[PDB]
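Residue numbers for the sequence shown, in the deposited numbering: 54 to 1824.
Every residue gets a Cβ at the ideal spot worked out from N, C-alpha and C, and that includes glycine.
So the structure is just underneath, and the comments pick up after that.
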Amino acid sequence: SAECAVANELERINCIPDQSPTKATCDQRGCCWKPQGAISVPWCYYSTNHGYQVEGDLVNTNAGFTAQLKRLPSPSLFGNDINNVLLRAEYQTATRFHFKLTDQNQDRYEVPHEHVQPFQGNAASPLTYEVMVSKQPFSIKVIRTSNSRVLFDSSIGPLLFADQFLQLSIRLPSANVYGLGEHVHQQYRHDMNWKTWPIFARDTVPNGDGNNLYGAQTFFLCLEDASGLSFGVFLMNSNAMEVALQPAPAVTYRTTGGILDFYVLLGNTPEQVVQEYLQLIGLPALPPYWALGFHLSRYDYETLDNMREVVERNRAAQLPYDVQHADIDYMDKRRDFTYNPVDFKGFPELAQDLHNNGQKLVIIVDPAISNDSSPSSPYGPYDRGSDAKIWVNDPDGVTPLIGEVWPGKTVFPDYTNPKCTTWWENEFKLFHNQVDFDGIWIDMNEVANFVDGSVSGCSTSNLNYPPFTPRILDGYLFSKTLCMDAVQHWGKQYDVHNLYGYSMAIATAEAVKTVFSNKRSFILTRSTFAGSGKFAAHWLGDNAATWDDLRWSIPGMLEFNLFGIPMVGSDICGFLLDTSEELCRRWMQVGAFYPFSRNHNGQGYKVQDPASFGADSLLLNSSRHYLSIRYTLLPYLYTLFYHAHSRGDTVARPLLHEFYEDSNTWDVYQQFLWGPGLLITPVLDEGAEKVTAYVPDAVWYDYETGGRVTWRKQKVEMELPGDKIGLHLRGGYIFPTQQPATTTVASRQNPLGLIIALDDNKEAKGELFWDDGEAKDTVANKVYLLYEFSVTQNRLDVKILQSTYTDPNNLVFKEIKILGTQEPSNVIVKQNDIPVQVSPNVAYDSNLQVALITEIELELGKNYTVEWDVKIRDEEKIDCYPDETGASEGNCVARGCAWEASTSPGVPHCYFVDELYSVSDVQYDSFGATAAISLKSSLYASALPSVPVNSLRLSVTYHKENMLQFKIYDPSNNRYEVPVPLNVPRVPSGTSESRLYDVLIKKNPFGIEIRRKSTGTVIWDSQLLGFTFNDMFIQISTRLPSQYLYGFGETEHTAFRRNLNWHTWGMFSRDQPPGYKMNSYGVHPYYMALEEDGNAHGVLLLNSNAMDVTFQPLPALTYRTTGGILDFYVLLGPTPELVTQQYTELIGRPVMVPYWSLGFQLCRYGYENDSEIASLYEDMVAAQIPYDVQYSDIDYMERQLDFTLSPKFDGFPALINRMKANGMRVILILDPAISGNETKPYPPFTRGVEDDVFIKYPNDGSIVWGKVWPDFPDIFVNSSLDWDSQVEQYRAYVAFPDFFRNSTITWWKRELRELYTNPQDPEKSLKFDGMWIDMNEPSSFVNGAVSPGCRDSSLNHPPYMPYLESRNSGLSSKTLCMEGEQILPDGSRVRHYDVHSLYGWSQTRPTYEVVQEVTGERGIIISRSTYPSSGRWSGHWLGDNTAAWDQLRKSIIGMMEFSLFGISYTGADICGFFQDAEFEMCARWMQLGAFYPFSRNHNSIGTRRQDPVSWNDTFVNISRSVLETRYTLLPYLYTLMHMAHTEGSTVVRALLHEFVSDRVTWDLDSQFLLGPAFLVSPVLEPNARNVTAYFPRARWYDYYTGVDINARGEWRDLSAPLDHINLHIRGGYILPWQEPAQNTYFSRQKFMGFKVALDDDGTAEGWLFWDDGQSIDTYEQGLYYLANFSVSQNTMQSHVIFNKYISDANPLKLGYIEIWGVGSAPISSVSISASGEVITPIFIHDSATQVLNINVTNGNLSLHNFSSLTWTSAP
Ligand SMILES: *[C@@H]1O[C@H](CO[C@@H]2O[C@@H](C)[C@@H](O)[C@@H](O)[C@@H]2O)[C@@H](O[C@@H]2O[C@H](CO)[C@@H](O)[C@H](O)[C@H]2NC(C)=O)[C@H](O)[C@H]1NC(C)=O
Ligand SMILES: *[C@@H]1O[C@H](CO)[C@@H](O[C@@H]2O[C@H](CO)[C@@H](O)[C@H](O)[C@H]2NC(C)=O)[C@H](O)[C@H]1NC(C)=O
Ligand SMILES: *[C@@H]1O[C@H](CO)[C@@H](O[C@@H]2O[C@H](CO)[C@@H](O)[C@H](O)[C@H]2NC(C)=O)[C@H](O)[C@H]1NC(C)=O
Ligand SMILES: *[C@@H]1O[C@H](CO)[C@@H](O[C@@H]2O[C@H](CO)[C@@H](O)[C@H](O)[C@H]2NC(C)=O)[C@H](O)[C@H]1NC(C)=O
Ligand SMILES: *[C@@H]1O[C@H](CO)[C@@H](O[C@@H]2O[C@H](CO)[C@@H](O)[C@H](O)[C@H]2NC(C)=O)[C@H](O)[C@H]1NC(C)=O
Ligand SMILES: *[C@@H]1O[C@H](CO)[C@@H](O[C@@H]2O[C@H](CO)[C@@H](O)[C@H](O)[C@H]2NC(C)=O)[C@H](O)[C@H]1NC(C)=O
Ligand SMILES: *[C@@H]1O[C@H](CO)[C@@H](O[C@@H]2O[C@H](CO)[C@@H](O)[C@H](O)[C@H]2NC(C)=O)[C@H](O)[C@H]1NC(C)=O
Ligand SMILES: *[C@@H]1O[C@H](CO)[C@@H](O[C@@H]2O[C@H](CO)[C@@H](O)[C@H](O)[C@H]2NC(C)=O)[C@H](O)[C@H]1NC(C)=O
Ligand SMILES: *[C@@H]1O[C@H](CO)[C@@H](O[C@@H]2O[C@H](CO)[C@@H](O)[C@H](O)[C@H]2NC(C)=O)[C@H](O)[C@H]1NC(C)=O
Ligand SMILES: *[C@@H]1O[C@H](CO)[C@@H](O)[C@H](O)[C@H]1NC(C)=O
């Protein structure tokens, strides 16, 4: 159908809103019928035929435009359809659009609002909104010109305009709709799912069944999006109506009369929309100060005596109580303006009694007046009123309408009649003269008849029975109210029914002006309309004592604040039913924070006043406690009412009004604020002692303690005991306080105070409004104090913006409380720049960081300034003098620092006290954040080493959900950046929703904060003192999450964990045996830290200049570098094994080593002649000690010259070939430095000079010479000569290649190619399999260059010399000059000073490429010097150890650290390198070293042989045994190397990587894991035959026996004889293994196997990767086998993921399967499915130890054919 063209079933507008859906009715109305569809979806919907058209054009006017609309021909719905309608639009203000639709010919009813008056002016300019009117069918659309977004759209449905039916539908930009009342929505946000709400004032209980209540409010707010952009709509119409929400999203107003008079209000935030609305309808009244106290009331006190007893009881309990209410009891025969002469005799005396105790009296007054006035018994109110003719009349307009209420037959005053107001005033005056009351409570002002219409009933008119009736209760407009044809001054009851309460409140406000002189009073009303808040407060009606009503109280209160009636609350402890102690207690707790706080009970229920529950009840104690807190904060509350009254702010506020940037705050309705500063979190559930609460993104302080909470922008479970409610102060605000008393009268004479809650930038602001609190128009007559407080830079400024009032009580501020500060000291108070004599006494709690400045008196009404200076603790002290020499008080005062000789060790003597840089221009983007940093203190910065940089930029980038980068650099000048490429995402994916972190840039001092979203833990905090960015001195510090830090190397440490007791460690490559506090071969600026909850993160600083790190016990970490920029990468975790996978993804994953390189290796410096290496080979085979690689040191080279062959090793080439034929492999050593003193042809140097590959001076062009190993030709070398003498007499001059350069790369590769294939003689060709590149620091035996010496000392001995070795010899010690020049690939020139630590890294990749070219296979590189991203192409060995006992444990620590650094192939020299090995030590070391990934026995020259065959038979047996274990496990070990290469897993893992929950594992460094499954527990001590090992919580099987040991989380003593190493397998894992042999070549041709360790559940899992083990890129080119295996339900299944290597032509045989933990029951049978072939294997089950051994060698089963193995246990 074409008329029925509706895009979306959700955009259907119901055409039958009255009766049930029937095709008969729809066909009659002309609406399309479509019953197919979902629930609540309307089958009947209007067609395009319905509506109006604009005939002509938009005639313009002075205020806007006018348009004539005629009715599109269509069937009438309810009849009397107006045909000609006029539209008038008025651009009243830049943010307020008004339009009105009315009849063109006839005049209709319009609301006579007292405040809103007709607009006389011209159109405003410029406007923030655009109005576009569609001509056919007619529609109006308001558009936000700023972002071109439609806010109001009336096109979704037709305009309907009949006499007794008007309709308009509006499409909305979002579903965030708040407002529309008065009903119980049970939630602040509005459910847009086909819900309809009636609006018609009515006396009924707030049951919660969606019924019309006592008031009529048509305003709603809509929040467009997270920018804060918002708008509001208000309809000025007093007729009965209903509002229909639709999941379009869309709202629709359906009314029974009047005109459509709309206002659209725009604002940048929700609060601005509310302010716009309240400025239009009228600003709220300022209440008297006493009305903010607590109020007590009860329906039936029966007698005055009972009332008096309640008063006395509560007074005696000392409960904060100020106002006592009186219900209709006092009134005799419930008649107004009268009191009971007997039961309530003495009522006047009660009023006086209250006043003498500083308490108040509020009396109730009803609108209905009785008619029983006879000459015998006169009733004055009635007689005087009848004389004035001020009653509501019957339709005849003359006869008073008679209704029935409390007094019985009654008449109703017409408050819209001016004469009525005069009568009303007089009545109050006479009664006030009898009883001296203080305020008025008006009730049943809906109006409310106990009968329907009148005592005579209602006429049959279209007013009493209209054609359309909203979904009102009962269904009759005259039910429990007056007849709709009754006549008043403003019109008929049909039009003014919703205005009765409004009109009465106006009249009462007038009466008060006369009765009470210059004394604003209090009018509490029930019935309300828009604009009532200017005159009265409101209470939410007759609730019941249930847990639902408790919950519903909060959204009700929040909506009324929108409507401009801030003085509002519900009845505490319920009005109907009986309350329980818990409900009344939990209600008194939250009720203490209602704007209007009153306990009100009904008739015939248990007394519920707090003192009723007993003088020492928990309820009374709790009530007294929180009511005292309310009284302390009344100055703060009163000022909030001032801002509502003056500007239109809310008092009790929803979270979304402050924290709209987040979407988690757009639904909260169980938590609220007082103004912007105080968050209230109640318990609203029966029996609960915990709440789920959302904490928004701010600093929050616990009100009761003052301590900061750690929660931010997250949900929490809060522990709230029966007598506690959640209260928190927001940082950045100042709160005025006043010492509390039992009444407001006694409290306003007590001293004042301030609470200062500081924020992230250590700043706060506040206001105090002060006045008499009783007089009227104080603000209008400008008779009041207004203060403005502000804190910044440890200075408070009080400042009086208006002072025309003087307080008679001589009040003073006596205390100042500061939250989130360091200890304040030297407090100076001055008034108007005039010193005030005072002795401020400060008291600081160190843990909560809370201070109380007392002994001060700030006279209210005068300007002042209080300044303080702060004390720094000894743990937060940052060294201001890290220079090598010059430490003195004179040198500190100059730098601008403080000097204190701390007796405590470690604590610095000269510390920092001020900041050098300021922050500005902070901008947060979707995928980043930036800021400008500018030097403030030029002089002090200059005193610090080097020249200061002035302008800096901070850039933060959100690369991924778990990774981010932040960088600080000079935007004006290029400074050196490390040329090591990293792998970052090209397009940022740090989407706000997915990302694991948040960033915050702070000020005073400057700093960056990074926080983990899930737990709210801060993982990086830089707001410490010391940030410096000089040219050659950059410093920055961070606060560590916990005391656990692992990483930073390469430097020997006593442990895996780092000691943070004032320790400084340098980093700059040097040829120095690893030692304590000694810079070594590699520089890795990376750490991983554990948070206290066991979450983990990692941080990389990408910098290559010389540097150091200091560990303060704050915990704090400081970095100091000698150049470059600051470039940080952070990995968010969340587990210790995912930070390594994240790190290696960024730097590059480890290299895959050749299978043969996992065998055992032999090396020895001092090989005399070739025939010796031959002898070793033969002897090794004889004793059957398995080995795979034989190394050759500089001995094979002539005079230690590279690319030469010594005459002593003439047969070497032949030997290499013979060994290789038997499956052995050979690695050769190469040094980088090339000799320049050769007399005979030396191609390397000659061609190097021609290709210019050597490092030369900046411009001079001379080669920087040095002295390493190469010797001089034609001299005799005497070993006796001291080393110093040899370096000076025998060592030659050498040149160092620049490996960054393209020419150098070509020369180097060609030289290695000629080494493999000798061009001069093929007989001299050396067929190597890998390369060992050593002395690549670079390293020299002469500091700087050869003598004369170096040139530029500025670089050699820099301004700041990091804490390295020989700290007085400078950077050039044992290395090149720092001025040497190098050339990057792109041609740019750099200094050795910047790239020194990247020299080994620069050589590594070229070497790797050439080896893979000459050999045609994978190859292996081993490098001494390493830098982040070196593990991508090479392994590393832990350098020159010594044969000593402490060196065994140091090796374990070293290999765990290099795994974190992403270098998986690593190991130490077995049996030591220096000194001579000892039998026991060399034996114990052989056992340990059998489990290093790089397992090599290496010794120095002139030392006892350490080779397995250099000892006796006892050793040969120990060595052979352990090495056979190694060769057995190689398939498992090789699979581990594969996963690391492909996923970034670790091979030698720590225990905390697998068991992070056990905190015992956080300090273990004497045991380790290979992969997840294999635990190694060595003996590391002399003469020890037992080892104490900790077994984490799991199933641990002994490797040798296969028996499970019961040690789950316990220590145990393991037997460890000299010939044994303790090994254990973790249950739940499957290990592939293979039979051992002399070399891998032979072993790869034997049977495979699978040890299966079942867990407690009886499940196990494992992997196998298999390839050739030699070819390049086997995985990238897809020639490999990869499979995952699983064991469960007594069966094992193989899941080949990829197979292109294992075939029938190339089989991998499987022969043995051992299952551990199968249980004690005998095993009936075992079956193997070989590609559809069942095989019965040989088997044996020893139920003593529970191990099934399955043999299948005869089965001839290849792995590719295996599918599954099943075993059935005996029933
Ligand atoms: C309810 O409170 C009473 C009285 O407590 C005192 O007053 C409070 C307002 C607060 O200032 C407390 O620190 C005071 O102790 C508790 O009862 C005992 O009352 C006697 C006499 O006043 C007092 O000396 C004791 O110290 C109080 N007992 C204690 C502290 O154990 C009473 O325990 C509270 N109610 C409940 C249910 O615990
Ligand atoms: C108060 O109003 C009621 C209702 O109008 C009056 O009661 C009626 O009085 C008339 C005589 O005037 C009787 O014929 C009716 O039977 C009464 N109606 C009832 C009882 O429903 C009453 O007289 C008024 N009292 C006055 C004016 O003093
Ligand atoms: C408190 O301090 C303020 C700021 O110094 C004073 O306010 C100024 O008063 C002068 C009086 O001639 C006015 O011209 C200025 O407009 C005011 N504001 C500013 C910003 O200068 C105020 O007088 C002081 N109040 C005292 C001394 O009680
Ligand atoms: C090769 O080197 C070996 C070892 O240096 C030489 O012979 C032995 O040297 C050791 C001392 O290193 C002595 O203890 C032995 O007595 C030597 N043996 C002999 C038979 O002299 C050997 O001479 C060298 N020459 C070659 C192999 O040409
Ligand atoms: C290595 O140097 C030492 C020390 O200079 C030489 O030893 C001396 O040789 C002379 C030869 O005439 C003897 O008179 C001395 O007694 C030796 N000792 C000392 C302490 O002077 C040694 O000869 C050199 N070795 C060589 C050249 O092979
Ligand atoms: C191999 O040499 C080792 C080291 O000298 C011998 O070990 C010692 O043997 C004695 C006598 O049995 C024991 O008292 C010592 O405790 C052993 N020391 C160590 C460190 O174990 C060993 O006996 C020799 N083996 C052979 C077969 O001679
Ligand atoms: C493990 O070894 C330790 C250290 O040798 C043994 O403890 C000592 O045993 C001797 C036996 O004569 C006692 O004299 C010492 O007092 C013991 N020292 C300590 C610190 O206890 C221990 O008995 C061995 N325990 C085993 C194998 O379970
Ligand atoms: C063995 O490998 C297969 C294939 O990679 C794994 O199965 C997949 O598992 C993922 C993650 O649970 C699922 O999304 C896929 O649907 C699975 N693919 C299939 C069944 O073809 C399997 O989980 C691995 N087994 C073990 C124990 O890791
Ligand atoms: C696995 O099964 C095979 C076949 O039954 C066993 O090998 C045979 O062992 C017997 C006894 O030593 C010899 O007579 C045969 O010559 C062996 N055959 C071969 C081909 O070597 C083997 O011992 C079993 N393995 C285990 C650990 O039980
Ligand atoms: C070494 O092992 C062999 C083979 O088991 C054995 O015969 C010999 O006695 C062992 N030697 C020692 C000293 O234990």
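**OP:** Assign residue 402 to one of three DSSP states: helix, strand, or coil.
**Re:** As a first step, residue 402 is located in the sequence shown; it is residue number 349 there, counting from the start. Correct three-state label for residue 402: helix.
**OP:** Name, in chain order, the residues that DSSP records as bridge partners for residue 920.
**Re:** As a first step, residue 920 is located in the sequence shown; it is residue number 867 there, counting from the start. In the DSSP output, where bridge partners are listed per residue, residue 920 has 848, 881.
Subject >> Buried or exposed by the 16-neighbour rule on C-beta atoms within 10 Å, applied to residue 1160 >> reply: For the purposes of this step, residue 1160 is taken as the residue at position 1107 of the sequence shown. By the 10 Å Cβ count, residue 1160 comes out buried.
Original post:
Between residue 1338 and ligand 5, is the CB less than 7 angstroms from at least one heavy atom?
Top reply: Along the sequence shown, read from residue 1 onward, the residue named residue 1338 stands at position 1285. Not under cutoff, so the answer is no.
Original post:
So, are the CB atoms of residue 1623 and residue 1629 less than 8 angstroms apart?
Top reply: As a working mapping, residue 1623 is identified with position 1570 in the sequence shown. As a working mapping, residue 1629 is identified with position 1576 in the sequence shown. Yes.
**OP:** Would you kindly report the start and end of the unbroken alpha helix (DSSP H) that includes residue 1454?
**Re:** Taking the sequence shown and counting its residues from 1, the one referred to as residue 1454 is at position 1401. That run of the alpha helix (DSSP H) goes 1452-1467.
**OP:** For ligand 10, enumerate in chain order all residues having a CB closer than 6 angstroms to any of its heavy atoms.
**Re:** 1566, 1567, 1570
**OP:** Could you have a look at residue 1525 and say whether DSSP puts it in helix, strand or coil?
**Re:** Taking the sequence shown and counting its residues from 1, the one referred to as residue 1525 is at position 1472. It is coil, neither helix nor strand.
Original post:
Do you know offhand how far residue 354's Cα is from residue 360's?
Top reply: To locate residue 354, count along the sequence shown from 1; it is residue 301. To locate residue 360, count along the sequence shown from 1; it is residue 307. Those two C-alpha atoms are separated by around 6 angstroms.
Subject >> Among 1703, 1529, 1135, nearest to residue 1767 - alpha-carbon criterion >> reply: Translated into the one-based positions of the sequence shown, residue 1767 becomes position 1714. Checking every option, the nearest Cα to that of residue 1767 belongs to 1703.
Original post:
Looking only at C-alpha atoms, which of 943, 1671, 915, 493 sits nearest to residue 887?
Top reply: Along the sequence shown, one-based indexing puts residue 887 at 834. Nearest C-alpha to residue 887: 915.
Original post:
Whole beta strand (DSSP E) runs in the stretch 331-357 with 3 or more residues, listed along the chain?
Top reply: 347-351
Original post:
Got a sec, what are the start and stop residues for the alpha helix (DSSP H) residue 1266 sits in?
Top reply: Residue mapping note: residue 1266 aligns to position 1213 of the sequence shown, counting from 1. Run containing residue 1266: 1265-1274, per the alpha helix (DSSP H) assignment.
Original post:
Looking at the structure shown, is residue 85 part of a helix, part of a strand, or coil, going by DSSP?
Top reply: Your numbering for residue 85 matches position 32 in the sequence shown. Here residue 85 sits in strand by DSSP.
Subject >> Option in 1691, 1384, 1316 with minimal Cα separation from residue 1402 >> reply: Locating residue 1402 in the sequence shown gives position 1349, counting from the first residue. Taking only the C-alpha atoms, the option nearest residue 1402 is 1316.
Original post:
What do you reckon, is the C-beta of residue 843 under 7 angstroms from a heavy atom of ligand 3?
Top reply: The count along the sequence shown starts at 1 and reaches residue 843 at position 790. Answer for residue 843: no, Cβ out of range of ligand 3.
Original post:
Regarding residue 1224 and ligand 4, is the C-beta to nearest heavy atom distance less than 7 angstroms?
Top reply: The residue you call residue 1224 lines up with position 1171 of the sequence shown. At least one heavy atom of ligand 4 is nearer than 7 angstroms to the Cβ of residue 1224, so yes.
Original post:
Ends of the beta strand (DSSP E) at residue 415?
Top reply: The residue you call residue 415 lines up with position 362 of the sequence shown. Segment 413-418, the beta strand (DSSP E) holding residue 415.
Subject >> residue 1811 - partner residues in DSSP beta bridges >> reply: Residue 1811 sits at position 1758 when you count from the first residue of the sequence shown. BP columns for residue 1811 point to 1762.
Original post:
When the distance is taken between beta carbons, is residue 1591 closer than 8 angstroms to residue 1203?
Top reply: For this step, residue 1203 is matched to residue 1150 along the sequence shown. For this step, residue 1591 is matched to residue 1538 along the sequence shown. It is not a contact, given that the beta carbons lie outside the stated cut-off.
Original post:
Where does residue 190 land, buried or exposed, given buried means 16+ other C-beta within 10 angstroms?
Top reply: Mapped onto the sequence shown, residue 190 falls at position 137. Buried is the call here.
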